[PDB]
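Chains as they are written, first to last, in the entry's author numbering: chain A, 1092 to 1147; chain B, 894 to 943. Read through the structure below, which is laid out as structure tokens, and then see the notes.
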Ligand SMILES: *[C@@H]1O[C@H](CO)[C@@H](O)[C@H](O)[C@H]1NC(C)=O
Ligand SMILES: *[C@@H]1O[C@H](CO)[C@@H](O)[C@H](O)[C@H]1NC(C)=O
């Protein structure tokens, strides 16, 4: 629920009616297929709030 | 507010329940169907006199 934006260097996700940038995490996006047919695909690292928590 | 047309179509699909992956994975098919429908509209209005 939102749209991928970019301020030139980093990529953020915000709603479609108000600029509220936030880190693209796993709970903000859903996985559907591989990136070989989507026209306009760009490489970007997604965050997962499970790897830093599993450090202990 | 400027916006790419594929993203506009993704929003339209979200407005009826369909997700964005259905459009982004079948964009060429939807574009071809839209072009064919727009082309058929002309001959449908031309041939039919009523
Ligand atoms: C884009 O935003 C990030 C985080 O707010 C910041 O670190 C970066 O410098 C910004 N880039 C530009 C070109 O302003
Ligand atoms: C970066 O994107 C290109 C397509 O623009 C893709 O071919 C490449 O595999 C991507 N890089 C990685 C590490 O996946």
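We treat Cβ as the ideally placed atom computed from N, Cα and C, and that holds for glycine.
Going by other Cβ atoms of all chains shown within 10 Å of its Cβ, with 16 needed for buried, is residue i buried or exposed?
| i | result |
| --- | --- |
| residue 903 of chain B | buried |
| residue 1110 of chain A | exposed |
| residue 916 of chain B | buried |
Does ligand 2 have a heavy atom nearer than 8 Å to the CB of residue i?
| i | result |
| --- | --- |
| residue 1122 of chain A | no |
| residue 1115 of chain A | no |
| residue 1125 of chain A | no |
| residue 1132 of chain A | yes |
Below 8 Å, is the gap between the Cβ of residue i and the nearest heavy atom of ligand 1?
| i | result |
| --- | --- |
| residue 1135 of chain A | no |
| residue 1098 of chain A | yes |
| residue 1112 of chain A | yes |
How close, in whole Å, do the beta carbons of residue i and residue j come, if the pair is a contact with beta carbons under 8 Å?
| i | j | result |
| --- | --- | --- |
| residue 1107 of chain A | residue 1094 of chain A | 5 Å |
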